[PDB]
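Rule-based calculations on the coordinates, nothing more; no lab input. Quick reminder, even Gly has a Cβ in these numbers, built from the backbone with ideal geometry, and neighbours come from all protein chains shown.
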Ligand SMILES: Nc1ncnc2c1ncn2[C@@H]1O[C@H](COP(=O)(O)OP(=O)(O)O)[C@@H](O)[C@H]1O
Ligand SMILES: [Mg+2]
């Protein structure tokens, strides 16, 4: 069912995304390397898991690799490749593969990334294609001690020399992903190499309404039209929040209490991420709150914060806002800043 908090892993469990799935297939057909891009909670992991459900591939969670030590080593990455494709006999049974993988017998300490990728390409040769997906690949900048350059080199090698191997990199922090890859810097191993781009956006109004409608239909619940309209006006096409709301409504039976609880859950998660930002600079959260309150132009932001205590120099303010954009907290459009996720804005206004 739609209104369920467990991870979605199959195509029949994903509402719409039929254009996005086709565009992902098309990108794989056209380029060795594909970027899957969009706001956090928009549905990238879910789409990717459903896509790999039918197509031989592995998904590596780069954020989960970074989380523990704030750093990723070769051994850890390799151990994760090993465990994600295991038990390999299950894989061979599902996709009917006769080939065995040597690197699975070997200790991560004594394997190279290139060795592993060559074996996966050999597997691709039998199948047609093998997919390696890095979820939130911008965290690979915390790999090694050279800013993850060994991964860029590995990707350049796959691009040029492993034709039965396709790589998907996803990122919620889109600008930060583009920064890591550096495809226009001559120093980058990926220089001049073109990647496909598949963009995952929030549902439109009518799709959001239909999403909620389907969710309630599945449990024979009829929810008045105006309550679904009101939920979409507050929750604006973000499937992550639409599912939390659907769950809370099934549990609570009331628009007010379901939305109150949805906002509680959102507040908790967003506050956790705002903690992370606040450590880097308290300024980030100050700027975010200002924008959420309607101080959404340069001078509006600058005067507001000066008045609340902190005068931010113009070069600093520019850098801070640019970073916020690259992290995708914020969009700048028509000479105006906005919080990328309207629920984040709701939480920042308290
Ligand atoms: N197309 C969809 N259909 C149904 N539920 C979805 C869809 N996309 C996302 N979800 C729900 O929203 C949550 C957030 O999606 P996720 O794929 O984790 O976002 P992202 O990877 O973009 O941060 C998922 O756990 C699932 O609850
Ligand atoms: Mg994700």
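Need one word for the range 1-202: rounded, prolate or oblate. Basis is the Cα gyration tensor (sqrt eigenvalues a ≥ b ≥ c); a/c below 1.5 gives rounded, then a/b vs b/c decides. List each step's numbers first, then the result.
On the way: a/c = 1.34, a/b = 1.07, b/c = 1.25.
The shape class here is rounded.
Based on a Kirkwood Rh over C-alpha pairs, give the Stokes-Einstein translational diffusion coefficient of the chain at 10 °C and viscosity 1.306 mPa s in µm²/s.
Numbers: Rh = 22.1 Å.
Rounded, D is 72 µm²/s.
Let me check against my output: what whole-number percent is the relative contact order of the chain, with C-alpha pairs under 8 Å and at least 6 apart?
Working: 476 pairs, mean separation 68.9, N = 350.
Here the relative contact order equals 20 percent.
Taking 8 Å as the Cα distance limit and 6 or more residues as the minimum spacing, I'd like the relative contact order of the range 203-280 as a percentage. List each step's numbers first, then the result.
Values: 50 pairs, mean separation 20.8, N = 78.
Result for the range 203-280 is 27 percent.
At 222 nm, what helix-only mean residue ellipticity would the chain give, in deg cm²/dmol to the nearest 500, using -39500 (n - 2.57) for each DSSP H run of four or more? The partial results should precede the final answer.
Details: 16 runs with 190 residues, N = 350.
After summing the helix terms and dividing by residue count, I get -17000 deg cm²/dmol.
Enter the Cα centre distance for the pair the range 254-294 and the range 146-195, rounded to the nearest angstrom.
When both Cα centres are located, 32 Å separates them.
On a full-extension model of 0.36 nm per residue, what is the gain between residue 187 and residue 164, subtracting their alpha-carbon distance, rounded to one decimal in nm? All intermediate terms of the calculation are to be shown ahead of the outcome.
Details: separation 23, 0.36 × 23 = 8.28 nm, distance 2.66 nm.
Taking residue 187 through residue 164 to full extension adds about 5.6 nm, to one decimal.
Pop the C-beta distance of residue 102 and residue 61 into the FRET formula with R0 = 22 Å and round what comes out to the nearest 0.05. Intermediate results must be reported in sequence, preceding the final value.
On the way: r = 24 Å, r/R0 = 1.11.
So, using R0 = 22 Å, E works out to roughly 0.35.
Pulled fully out, how much extra length does the chain show between residue 125 and residue 110, if you take 0.36 nm times their separation in residues and subtract their Cα-Cα distance?
On the way: separation 15, 0.36 × 15 = 5.40 nm, distance 2.50 nm.
Taking 0.36 nm per residue and subtracting the Cα distance, the gain is 2.9 nm.
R0 = 41 Å: FRET efficiency of residue 93 with residue 226, Cβ-based, nearest 0.05? If you can, show how the numbers build up before the last one.
On the way: r = 50 Å, r/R0 = 1.23.
It comes out at approximately 0.20.
Hey, what's the Kirkwood Rh for the range 158-268 if you take every pair of different alpha carbons, in angstrom? Don't skip to the end; give the middle numbers.
Details: mean 1/r = 0.0585 Å⁻¹.
By the Kirkwood definition, the hydrodynamic radius is 17.1 Å.
Taking other Cβ within 10 Å of each residue's Cβ, how do 279, 297, 74 sort, fewest first? Walk me through the numbers before you get to the answer.
Numbers: 279 9, 297 12, 74 16.
With the sparsest Cβ surroundings first, the list reads 279, 297, 74.
Between residue 307 and residue 145, with labels modelled 7 Å along Cα→Cβ, what's the label distance in nm to one decimal, could you check?
4.9 nm
First measure r as the distance between the Cβ atoms of residue 298 and residue 201, then evaluate 1/(1 + (r/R0)^6) with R0 = 30 Å and state the FRET efficiency to the nearest 0.05. Intermediate values should be presented prior to the final figure.
Details: r = 26 Å, r/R0 = 0.87.
That gives a FRET efficiency of 0.70.
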